[PDB]
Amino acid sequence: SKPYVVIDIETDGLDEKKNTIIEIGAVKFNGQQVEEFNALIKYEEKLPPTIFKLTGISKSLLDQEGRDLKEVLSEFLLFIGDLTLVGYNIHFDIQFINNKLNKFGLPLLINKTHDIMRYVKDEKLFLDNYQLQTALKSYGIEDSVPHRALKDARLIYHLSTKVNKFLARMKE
């Protein structure tokens, strides 16, 4: 019943400093209903075709639909406000987002956070592994993970509504 925002990003690599954000997505429960945020990011580098393999995102898509990262980050800060942020291995997203906020002279995140993966690890002890895809199956969600920011955030949000220990902490 408390508001929260599930966040997810896609990147061109794993290094918060040297790699960059190519898509941001978020699903906000504002206390009454759901709202959504999503932007692809303009990109001037060489996207490792392994990124194309994983996400389906190409240079052509970023050129055609991408938006300036600083502008998008400013809008993202307005969308989340000071609400609790939720994710799946959320430190990955926070490390990238804070690195780029700092780079552009924007405020950094000070939001409280909850990580659905932590709750899954404690509830589903016998999972083969703890990739998001594996966790979803364990809770009766058979969707394939597309590795697109808003689509993944929707799946994480759906998962959040099925993890009782998380819901108990967010109640009231």
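The first residue of the shown sequence is 1; numbering continues from there.
Here 116 to 124 and 134 to 142 are compared by their mean Cα B-factor, and 134 to 142 comes out higher.
Between the stretches 159 to 167 and 19 to 27, it is 159 to 167 that shows the larger average CA temperature factor. Annotation for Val34, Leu40, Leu108, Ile51: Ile51 ranks highest, by Cα B-factor. Each of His147, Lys46, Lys70, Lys103 has a CA temperature factor in the record; the biggest one is found at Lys46. Remark: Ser60 belongs to the lowest third of its chain, ranked by C-alpha B-factor as recorded.
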